[PDB]
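Trainee: Structure file structure-v4.txt, compact mmCIF, C-alpha atoms and all ligand atoms, is pasted below:
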# COMPACT_ATOMS: atom_id res chain seq x y z
CA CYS A 509 -14.08 -12.23 -1.40
CA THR A 510 -16.89 -10.45 0.47
CA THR A 511 -17.10 -6.67 -0.05
CA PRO A 512 -14.93 -4.69 2.39
CA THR A 513 -11.15 -4.38 1.92
CA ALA A 514 -9.92 -3.44 5.42
CA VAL A 515 -6.48 -4.80 6.34
CA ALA A 516 -6.56 -5.76 10.01
CA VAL A 517 -2.89 -6.21 10.84
CA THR A 518 -1.69 -7.20 14.32
CA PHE A 519 1.52 -5.44 15.36
CA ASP A 520 3.59 -6.21 18.44
CA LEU A 521 6.33 -3.75 19.43
CA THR A 522 8.37 -4.30 22.59
CA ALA A 523 9.05 -0.93 24.23
CA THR A 524 7.97 0.72 27.49
CA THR A 525 5.77 3.81 28.03
CA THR A 526 5.72 5.84 31.23
CA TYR A 527 2.17 5.09 32.28
CA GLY A 528 0.70 7.66 29.82
CA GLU A 529 1.85 7.55 26.13
CA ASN A 530 1.53 5.53 22.86
CA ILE A 531 4.06 3.88 20.52
CA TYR A 532 2.96 4.74 17.04
CA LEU A 533 2.92 2.88 13.79
CA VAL A 534 2.49 5.59 11.12
CA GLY A 535 2.41 3.89 7.65
CA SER A 536 2.40 5.79 4.29
CA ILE A 537 -1.33 5.42 3.69
CA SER A 538 -4.32 7.58 4.60
CA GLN A 539 -5.51 5.12 7.26
CA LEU A 540 -1.80 5.05 7.99
CA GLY A 541 -0.72 8.63 7.18
CA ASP A 542 2.78 7.34 8.14
CA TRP A 543 3.75 10.93 8.08
CA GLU A 544 1.22 12.05 10.64
CA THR A 545 1.18 9.61 13.52
CA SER A 546 -2.34 11.06 14.03
CA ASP A 547 -3.64 8.35 11.68
CA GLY A 548 -0.84 5.80 12.12
CA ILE A 549 -1.22 2.83 14.45
CA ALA A 550 -0.76 3.30 18.20
CA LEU A 551 0.25 0.18 20.16
CA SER A 552 -0.47 0.14 23.91
CA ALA A 553 -0.72 -1.96 27.11
CA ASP A 554 -4.33 -3.01 26.36
CA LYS A 555 -4.00 -6.44 28.01
CA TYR A 556 -1.15 -4.84 29.89
CA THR A 557 -2.34 -2.92 32.96
CA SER A 558 0.12 -0.04 32.99
CA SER A 559 0.02 2.31 29.99
CA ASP A 560 1.69 0.49 27.07
CA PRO A 561 5.19 -0.89 27.79
CA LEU A 562 5.10 -3.82 25.24
CA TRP A 563 2.62 -1.81 23.17
CA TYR A 564 0.79 -4.50 21.15
CA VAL A 565 -1.83 -3.55 18.52
CA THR A 566 -4.55 -4.69 16.11
CA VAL A 567 -5.87 -2.02 13.71
CA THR A 568 -6.97 -2.04 10.04
CA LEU A 569 -5.86 -0.50 6.73
CA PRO A 570 -8.68 -0.38 4.17
CA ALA A 571 -7.04 0.06 0.76
CA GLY A 572 -5.49 -3.02 -0.92
CA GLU A 573 -2.24 -1.55 -2.30
CA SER A 574 1.15 -0.27 -1.06
CA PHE A 575 1.24 1.68 2.19
CA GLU A 576 4.47 2.56 4.01
CA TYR A 577 4.86 1.38 7.57
CA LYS A 578 7.22 3.69 9.45
CA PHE A 579 7.04 3.54 13.23
CA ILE A 580 7.03 6.40 15.62
CA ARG A 581 6.87 5.88 19.38
CA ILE A 582 4.46 8.50 20.74
CA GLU A 583 5.41 9.68 24.27
CA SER A 584 3.73 11.43 27.23
CA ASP A 585 6.29 14.22 27.79
CA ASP A 586 8.05 15.33 24.60
CA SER A 587 6.05 13.85 21.72
CA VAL A 588 6.61 11.04 19.22
CA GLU A 589 9.86 9.36 18.26
CA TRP A 590 9.54 8.35 14.64
CA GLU A 591 11.62 5.18 14.76
CA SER A 592 12.35 5.59 11.07
CA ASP A 593 15.05 2.91 11.19
CA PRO A 594 13.05 -0.35 11.24
CA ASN A 595 10.52 0.69 8.56
CA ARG A 596 8.37 -1.54 6.30
CA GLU A 597 5.77 -1.37 3.50
CA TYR A 598 2.59 -3.45 3.82
CA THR A 599 1.62 -3.97 0.17
CA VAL A 600 -1.86 -5.24 1.08
CA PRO A 601 -3.31 -6.95 -2.00
CA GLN A 602 -6.89 -6.33 -3.20
CA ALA A 603 -7.66 -10.07 -3.37
CA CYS A 604 -9.45 -11.74 -0.43
CA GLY A 605 -8.86 -14.72 1.90
CA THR A 606 -6.20 -12.82 3.88
CA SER A 607 -7.12 -9.17 4.52
CA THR A 608 -5.31 -9.29 7.89
CA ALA A 609 -1.75 -10.32 8.75
CA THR A 610 1.00 -9.43 11.26
CA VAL A 611 3.43 -6.56 11.66
CA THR A 612 6.12 -7.19 14.32
CA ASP A 613 8.62 -4.65 15.54
CA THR A 614 10.34 -3.63 18.80
CA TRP A 615 11.97 -0.58 20.38
CA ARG A 616 15.74 -0.43 20.86
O1 LIG A 701 13.55 -2.22 31.97
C1 LIG A 701 12.17 -2.18 31.62
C2 LIG A 701 11.30 -2.57 32.80
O2 LIG A 701 11.39 -1.50 33.77
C3 LIG A 701 10.30 -1.41 34.68
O3 LIG A 701 9.38 -0.44 34.27
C4 LIG A 701 8.37 -0.10 35.25
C5 LIG A 701 9.03 0.17 36.60
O4 LIG A 701 9.66 -1.02 37.07
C6 LIG A 701 7.98 0.61 37.62
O5 LIG A 701 8.43 1.72 38.38
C7 LIG A 701 6.63 0.89 36.96
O6 LIG A 701 5.76 1.47 37.89
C8 LIG A 701 4.49 1.90 37.35
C9 LIG A 701 4.06 0.95 36.22
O7 LIG A 701 3.51 1.66 35.13
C10 LIG A 701 3.14 -0.14 36.73
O8 LIG A 701 3.24 -1.32 35.96
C11 LIG A 701 3.41 -0.38 38.21
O9 LIG A 701 4.78 -0.61 38.40
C12 LIG A 701 5.21 -1.97 38.61
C13 LIG A 701 4.20 -2.71 39.49
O10 LIG A 701 4.06 -2.04 40.73
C14 LIG A 701 4.69 -4.14 39.73
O11 LIG A 701 3.65 -4.91 40.32
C15 LIG A 701 5.11 -4.77 38.40
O12 LIG A 701 4.58 -6.06 38.31
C16 LIG A 701 4.74 -6.73 37.03
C17 LIG A 701 3.39 -6.84 36.29
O13 LIG A 701 3.25 -8.15 35.77
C18 LIG A 701 3.25 -5.83 35.16
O14 LIG A 701 3.02 -4.53 35.70
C19 LIG A 701 4.53 -5.82 34.34
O15 LIG A 701 4.35 -5.05 33.17
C20 LIG A 701 3.00 -4.99 32.67
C21 LIG A 701 2.93 -4.14 31.42
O16 LIG A 701 1.58 -3.79 31.17
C22 LIG A 701 3.48 -4.92 30.22
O17 LIG A 701 4.37 -4.09 29.49
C23 LIG A 701 4.20 -6.21 30.59
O18 LIG A 701 5.45 -5.92 31.16
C24 LIG A 701 6.58 -6.34 30.37
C25 LIG A 701 6.93 -5.26 29.35
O19 LIG A 701 6.90 -5.82 28.04
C26 LIG A 701 8.31 -4.66 29.61
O20 LIG A 701 8.45 -3.46 28.88
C27 LIG A 701 8.52 -4.38 31.09
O21 LIG A 701 9.77 -3.78 31.32
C28 LIG A 701 9.84 -2.82 32.39
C29 LIG A 701 8.94 -3.20 33.57
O22 LIG A 701 7.67 -2.58 33.42
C30 LIG A 701 9.59 -2.74 34.88
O23 LIG A 701 10.52 -3.72 35.33
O24 LIG A 701 8.22 -5.47 31.95
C31 LIG A 701 7.76 -6.66 31.28
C32 LIG A 701 8.95 -7.27 30.54
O25 LIG A 701 10.18 -6.90 31.15
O26 LIG A 701 3.41 -7.06 31.43
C33 LIG A 701 2.50 -6.39 32.33
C34 LIG A 701 1.14 -6.37 31.65
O27 LIG A 701 0.10 -6.69 32.57
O28 LIG A 701 5.58 -5.32 35.14
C35 LIG A 701 5.95 -6.16 36.26
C36 LIG A 701 7.00 -7.14 35.78
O29 LIG A 701 6.84 -8.41 36.41
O30 LIG A 701 4.71 -3.95 37.31
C37 LIG A 701 5.37 -2.67 37.27
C38 LIG A 701 6.82 -2.92 36.91
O31 LIG A 701 6.93 -3.43 35.59
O32 LIG A 701 2.96 0.74 38.95
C39 LIG A 701 3.46 2.02 38.50
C40 LIG A 701 2.29 2.95 38.28
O33 LIG A 701 1.98 3.68 39.47
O34 LIG A 701 6.79 1.72 35.81
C41 LIG A 701 7.61 1.15 34.77
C42 LIG A 701 6.77 1.02 33.52
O35 LIG A 701 6.97 -0.24 32.89
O1 LIG A 702 4.53 19.02 12.72
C1 LIG A 702 4.26 17.63 12.60
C2 LIG A 702 4.36 17.17 11.16
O2 LIG A 702 5.25 16.04 11.12
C3 LIG A 702 4.73 14.85 11.71
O3 LIG A 702 5.58 14.22 12.63
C4 LIG A 702 6.89 13.83 12.16
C5 LIG A 702 6.83 13.13 10.80
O4 LIG A 702 7.60 11.95 10.86
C6 LIG A 702 7.37 14.02 9.67
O5 LIG A 702 6.41 14.99 9.28
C7 LIG A 702 8.74 14.63 9.96
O6 LIG A 702 8.85 15.88 9.34
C8 LIG A 702 9.21 15.88 7.95
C9 LIG A 702 10.22 14.77 7.65
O7 LIG A 702 11.40 14.99 8.41
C10 LIG A 702 10.55 14.75 6.16
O8 LIG A 702 11.39 13.64 5.88
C11 LIG A 702 9.28 14.67 5.32
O9 LIG A 702 8.73 13.38 5.40
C12 LIG A 702 8.46 12.74 4.14
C13 LIG A 702 8.39 11.23 4.35
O10 LIG A 702 9.29 10.54 3.50
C14 LIG A 702 6.96 10.68 4.22
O11 LIG A 702 6.20 11.06 5.35
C15 LIG A 702 6.27 11.08 2.91
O12 LIG A 702 4.88 10.87 3.00
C16 LIG A 702 4.06 11.75 2.21
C17 LIG A 702 2.61 11.30 2.22
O13 LIG A 702 2.48 10.06 1.55
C18 LIG A 702 1.75 12.36 1.51
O14 LIG A 702 0.40 11.96 1.44
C19 LIG A 702 1.90 13.74 2.15
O15 LIG A 702 2.33 14.65 1.18
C20 LIG A 702 2.47 16.04 1.57
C21 LIG A 702 1.18 16.81 1.27
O16 LIG A 702 1.49 18.17 0.99
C22 LIG A 702 0.16 16.74 2.40
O17 LIG A 702 -0.42 15.45 2.44
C23 LIG A 702 0.84 17.04 3.72
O18 LIG A 702 -0.11 17.07 4.75
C24 LIG A 702 0.37 17.16 6.11
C25 LIG A 702 0.36 15.81 6.80
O19 LIG A 702 -0.71 15.76 7.74
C26 LIG A 702 1.69 15.60 7.52
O20 LIG A 702 2.71 15.37 6.57
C27 LIG A 702 2.02 16.82 8.36
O21 LIG A 702 3.16 16.57 9.13
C28 LIG A 702 3.01 16.82 10.54
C29 LIG A 702 2.39 15.59 11.22
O22 LIG A 702 1.16 15.97 11.83
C30 LIG A 702 3.33 15.01 12.27
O23 LIG A 702 2.84 13.74 12.69
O24 LIG A 702 2.18 17.98 7.55
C31 LIG A 702 1.74 17.85 6.18
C32 LIG A 702 1.71 19.25 5.59
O25 LIG A 702 3.02 19.71 5.28
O26 LIG A 702 1.84 16.07 3.95
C33 LIG A 702 2.95 16.15 3.03
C34 LIG A 702 3.67 17.46 3.32
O27 LIG A 702 3.24 18.49 2.44
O28 LIG A 702 2.88 13.66 3.18
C35 LIG A 702 4.17 13.16 2.76
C36 LIG A 702 4.74 14.12 1.73
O29 LIG A 702 4.22 13.86 0.44
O30 LIG A 702 6.61 12.41 2.52
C37 LIG A 702 7.13 13.26 3.57
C38 LIG A 702 7.15 14.70 3.08
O31 LIG A 702 7.63 14.78 1.74
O32 LIG A 702 8.35 15.68 5.69
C39 LIG A 702 7.98 15.67 7.08
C40 LIG A 702 6.94 16.76 7.28
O33 LIG A 702 7.43 18.02 6.82
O34 LIG A 702 9.00 14.70 11.37
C41 LIG A 702 7.86 15.00 12.19
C42 LIG A 702 8.37 15.25 13.60
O35 LIG A 702 9.79 15.32 13.63
Take the structure in the file and give it back as C-alpha cells.

Mentor:
Amino acid sequence: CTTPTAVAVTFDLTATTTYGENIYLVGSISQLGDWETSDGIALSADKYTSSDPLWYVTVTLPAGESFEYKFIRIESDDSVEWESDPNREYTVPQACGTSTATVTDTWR
C-alpha cells in the first residue's frame, strides 16, 4: 500500500447536454453523497468541446468500503434527473494495488 485511500474511478456515460449542464454520478458515500448530487460525480465534455454530451469522468472516492452509485443527470434548465434505474454500489476495498477502477453507464 502507500498511505492514501482515494478511489479514482473513471466513469463514461453516453448522454447529451445542451451546451451548459452536467450528468451526475451521486453515489451513497460522503465523497459521493449519492443523495445530494452536490458531492456526486459530474461527467462532462472535457475532451469534448461542447458542454458534456458523452459526459465522461474521472473522480475519486476516498473511503475503502461500500458506497452507493446512483446516477443523476444534472441539466441546465430544470435541474438533475436522478437516473435511479441503472444504479450500482462501488464496494471499494481498503487494500491497495487497485484504488482506481471503472464505472460505465449511459443515458437512455
Ligand atoms: O442525437 C444526438 C446528437 O444530436 C446533436 O446534438 C447537437 C446538435 O446537433 C447541434 O445543434 C449542437 O450545436 C451546439 C453544440 O453544443 C456544438 O457541438 C456545436 O454543434 C455542432 C457543431 O456545430 C458541429 O460541428 C458538430 O460537429 C461534430 C463534432 O465532432 C462534435 O461537436 C460532436 O460532439 C462533440 C461532443 O463534445 C461529444 O459529445 C462528442 O459527440 C458525440 C456525443 O457522444 C453524442 O452525444 C452526440 O450526439 C448529438 C450530437 O452532438 C449532434 O448530432 O454526437 C456524438 C455522437 O453522436 O464528440 C464531440 C467532442 O469533441 O458533434 C458533431 C458530430 O460529428 O458538433 C455539434 C453537433 O454534434 O455548436 C453548438 C453550440 O453553439 O448541439 C447539440 C449538442 O450535442
Ligand atoms: O432538495 C434536494 C434534496 O434531494 C436531492 O436531489 C434528489 C435526490 O435524489 C433525493 O434527495 C430525492 O429525494 C428523496 C428521495 O426521493 C427519497 O427516496 C430519499 O432518498 C433516500 C435514498 O435511498 C438515498 O439517498 C439514501 O441515502 C442516505 C444517505 O446515505 C445519508 O447519509 C443521508 O441521510 C439523511 C440524513 O438526515 C442527512 O444526511 C440528510 O442530509 C441532506 C442531504 O444533503 C441530502 O439528502 C438532501 O437532499 C437534497 C439534495 O441536495 C438533492 O441533491 O437533504 C438531506 C436532508 O434531508 O440526508 C438524509 C435525509 O435526512 O441521506 C440519505 C438518507 O439517510 O437515503 C435517502 C433518504 O432516506 O430521500 C430523498 C431526500 O428527501 O430526490 C431529489 C430530487 O428529486

Trainee: Would you kindly return, as a list in words, each protein, DNA or RNA residue with an atom no farther than 6 Å from any atom of segment 555-564 of chain A, considering all atoms listed in the file and excluding same-chain residues fewer than 4 positions away?

Mentor: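 Final neighbour list, sorted by chain and number: residues 519, 520, 521, 522, 523, 524, 525, 527, 528 and 551 of chain A.
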
Trainee: Could you give me, as a PyMOL selection string, every polymer residue with an atom at most 9 Å away from an atom of ligand LIG 702 (chain A), counting all atoms listed in the file?

Mentor: chain A and resi 534-538+541-548+575-576+578-580+587-592

Trainee: Can you tell me, as a PDB file with C-alpha atoms, in the frame of the given file, which residues sit within 7 Å of (7.5, -1.3, 9.9) in the file's frame, using all atoms listed in the file?

Mentor:
ATOM      1  CA  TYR A 577       4.860   1.380   7.570  1.00  0.00           C
ATOM      2  CA  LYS A 578       7.220   3.690   9.450  1.00  0.00           C
ATOM      3  CA  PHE A 579       7.040   3.540  13.230  1.00  0.00           C
ATOM      4  CA  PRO A 594      13.050  -0.350  11.240  1.00  0.00           C
ATOM      5  CA  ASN A 595      10.520   0.690   8.560  1.00  0.00           C
ATOM      6  CA  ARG A 596       8.370  -1.540   6.300  1.00  0.00           C
ATOM      7  CA  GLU A 597       5.770  -1.370   3.500  1.00  0.00           C
ATOM      8  CA  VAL A 611       3.430  -6.560  11.660  1.00  0.00           C
ATOM      9  CA  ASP A 613       8.620  -4.650  15.540  1.00  0.00           C
TER      10      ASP A 613
END

Trainee: Give the answer as one residue: which of A:599, A:568, A:574, A:610 has the shortest atom-to-atom distance to residue 512 of chain A, using only C-alpha atoms?

Mentor: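 Smallest separation from residue 512 of chain A among the options: A:568.
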
Trainee: Expressed in Å to a single decimal, how great is the separation between atom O3 of ligand LIG 701 (chain A) and atom CA of residue 565 of chain A?

Mentor: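 These atoms are spaced 19.6 Å apart.
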
Trainee: Measure the distance from atom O20 of ligand LIG 701 (chain A) to atom CA of residue 553 of chain A in Å and round it to one decimal.

Mentor: 9.5 Å
